[PDB]
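Chain and residue survey
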Amino acid sequence: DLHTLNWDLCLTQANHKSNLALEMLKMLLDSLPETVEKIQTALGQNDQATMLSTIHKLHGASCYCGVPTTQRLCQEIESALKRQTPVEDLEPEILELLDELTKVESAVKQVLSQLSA
Amino acid sequence: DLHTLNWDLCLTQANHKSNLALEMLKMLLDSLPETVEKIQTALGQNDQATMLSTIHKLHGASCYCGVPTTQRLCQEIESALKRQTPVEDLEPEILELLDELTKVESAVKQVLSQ
């Protein structure tokens, strides 16, 4: 599913150096379980600042890991939080994002089982 | 100091694409407090398995982040773990690494401001 993870886009983003690209994917994967927990907790706690900070860092990453749906969802959520829409009103997009991160974790773990030396 | 962080080095490791290199530094910086905690906790617990995976992952990152001292210490620790050198005997190199990572954090925050 290229909407979830697109290796060729990740290659493009990383200037056709499969080296950096796979390393970026490694760094994203290591960071994802903590990101997911922070998002889940901020949603339950209605914690505006924590949600923003963590979405912002994920957004940064997504621009270089060939994850189009993640990138879009982070953009909508971050922009909205920066306008002070409360976390509560973003529940649909945040829930959609969490579901997407589960698919991204699987997709990256698959692309690393396939291509990592 | 350029033995701690060298931006030009990050650029060579990144084939001269700036925004790529910049994002890699952000990913490294964000990972540091937890990685330091993982290294520290594994030292205290003589957890050679967690030490190896954690050092291995930091080492992979350091190779694209122009951080010469960090990279070398990771190589020394990883090599020695792979020869079954006790984690406890690598206390000096581990403490040097924790020391160096504080300096890396300061340096990266500085470069990211520019």
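Residues numbered from 1 in each chain as written, not as in the entry; some residues may be left out. Chains lettered and ligands numbered in written order. Heavy atoms only, no water. Residues with missing side-chain atoms left out of burial classes, pairs and counts.

So, on to the overall build of chain B. In terms of helices and strands, chain B carries 5 helices and 0 strands. In chain B, the succession of helices and strands from N to C terminus is α-α-α-α-α. Relative to the 2.2 N^0.38 estimate, which gives 13 Å for 114 residues, the radius of gyration of chain B is 14 Å and therefore close to what a compact globule would have. C-alpha extents for chain B along the principal axes are approximately 40 × 20 × 20 Å. Counting contacts in chain B only where the partners sit at least 6 residues apart, residues at least 24 apart contribute 64% of the total. (Helix = DSSP H or I, 4+ residues; strand = E, 2+ residues; numbered from the N terminus. Rg over C-alpha atoms; globule rule 2.2 N^0.38 Å. Contact = heavy atoms within 4.5 Å.)

Within chain A, the secondary structure is distributed over 5 helices and 0 strands. The helix and strand sequence of chain A, counted from the amino end, reads α-α-α-α-α. Relative to its length of 117 residues, chain A is compact, with a C-alpha radius of gyration of 14 Å against a globular reference of 13 Å. Along the longest, intermediate and shortest principal axes, the C-alpha atoms of chain A span 40 × 20 × 20 Å. The long-range share in chain A, meaning contacts at least 24 apart out of those at least 6 apart in sequence, stands at 66%.

All names here are of chain B. Not every positive phi belongs to a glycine, and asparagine 15 is a case in point at roughly 55 degrees. Backbone geometry at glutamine 84 places phi at a positive 60 degrees, although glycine is not the residue there. Along the chain, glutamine 84 turns up in the loop between helix 4 (68-82) and helix 5 (91-113).

At the junction of the two partners, chain A supplies 15 residues and chain B supplies 12 residues. Among the elements of the structure, helix 2 (18-45) and helix 3 (48-62) of chain A are those that each provide at least two residues to the side of chain A that touches chain B. No other element matches helix 2 of chain A, which puts 7 residues into the side of chain A that touches chain B. The class makeup of the residues in the side of chain A that touches chain B is 8 nonpolar, 4 polar and 3 charged. (Nonpolar A, V, L, I, M, F, W, Y, C, P; charged D, E, K, R; others polar.)

To continue, consider the environment of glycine 60 of chain A. Assignment of secondary structure puts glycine 60 of chain A in helix 3. Residues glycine 60 of chain A and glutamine 71 of chain A, spaced 11 residues apart in sequence, show a C-alpha to C-alpha distance of 8.6 Å.

All right, on to the pattern of salt bridges then. Applying the stated rule across the entire model yields 8 salt bridges over all chains. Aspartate 30 of chain A is the partner of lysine 57 of chain B in a salt bridge, and the nearest nitrogen-oxygen pair spans 3.9 Å. On the criterion of chain membership, the pair formed by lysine 57 of chain B in helix 3 (residues 48-62) and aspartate 30 of chain A in helix 2 is interchain, its members lying in two chains. Between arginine 72 of chain A and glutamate 96 of chain A there is a salt bridge, with its nearest N and O atoms 3.7 Å apart. With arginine 72 of chain A in helix 4 (residues 68-82) and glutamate 96 of chain A in helix 5 (residues 91-115), this residue pair connects regions lying 24 residues apart in the sequence. A residue is classified by how much of its surface remains accessible, and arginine 72 of chain A, at 39% relative accessible area, is partly exposed. Residues participating in the shared-partner salt-bridge network are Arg72, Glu76 and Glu96 of chain A. (Salt bridge = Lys/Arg side-chain N within 4 Å of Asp/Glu carboxyl O. Buried < 20%, exposed > 50% of the residue type's maximum accessible area, 1.4 Å probe, protein only.)

Quick look at the environment of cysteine 65 of chain B now. All names here are of chain B. Take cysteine 65: it is sitting in the loop between helix 3 and helix 4. Note on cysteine 65: relative accessible area 0%, which makes it buried. Taking the C-alpha atoms as reference points, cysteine 65 and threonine 35, separated by 30 residues in sequence, lie 15 Å from one another. In this structure, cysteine 65 is in contact with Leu5, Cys10, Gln13, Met24, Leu25 and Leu28, ignoring residues within four places of it in sequence.

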